[PDB]
């Protein structure tokens, strides 16, 4: 079915800084990917973003009860909803699972691939580092970057090109759920 499609999107956005001390509410309206009109609480009224949005900006801005509702959204909507879910969103902290293992596909000569798999953590901010018998490894380090699993957990895979011999490699993970670096050592 190759019928032409037409998509409308609306994003009501609440941006928070330092908890609920600073809040920005945005009321954004889209035709396909094109944002055409926007209410920014820092501006105080609707403003067209493209030519397609001139009618809406004028029409909604001429309704005082409408602007007065959107101008209180930072309190009645953003700050309220932040408090509703704060305990299981802002304060959600799940430990990373750190596993170290040689890659099941060893693709290069002389060097082998060592994998530090970090799984199931939340929130997404994480720092993964490789050490070789006490020396930080910045060469031969490959990482997937942060991967969102879509279920409120994240994972990342950080691979090291090792010189396989006897030597001790440490994966060190730092994450907001931890009060100390998490280290896993691999001796070949």
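Numbering follows the first chain given and starts at 1.
Coordinates are given for every residue of the deposited sequence from residue 180 through residue 181, so that no gap is recorded there. When the C-alpha B-factors of 82-90 and 108-116 are averaged, 108-116 comes out higher. The deposited model assigns a higher average Cα B-factor to 127-135 than to the other stretch when 127-135 and 26-34 are compared.
Annotation for 144, 155, 41, 162: 162 ranks highest, by Cα B-factor.
Annotation for residue 172: CA B-factor lies in the lowest third of the chain's modelled residues. In the deposited entry, the Cα temperature factor of residue 46 places it in the middle third of its chain's modelled residues. Per the deposited record, the Cα B-factor of residue 166 falls in the highest third when ranked against the other modelled residues of its chain. Ranked against the other modelled residues of its chain, the C-alpha B-factor of residue 103 as given in the entry falls in the highest third. Sort the modelled residues of the chain by CA B factor and residue 61 lands in the highest third.
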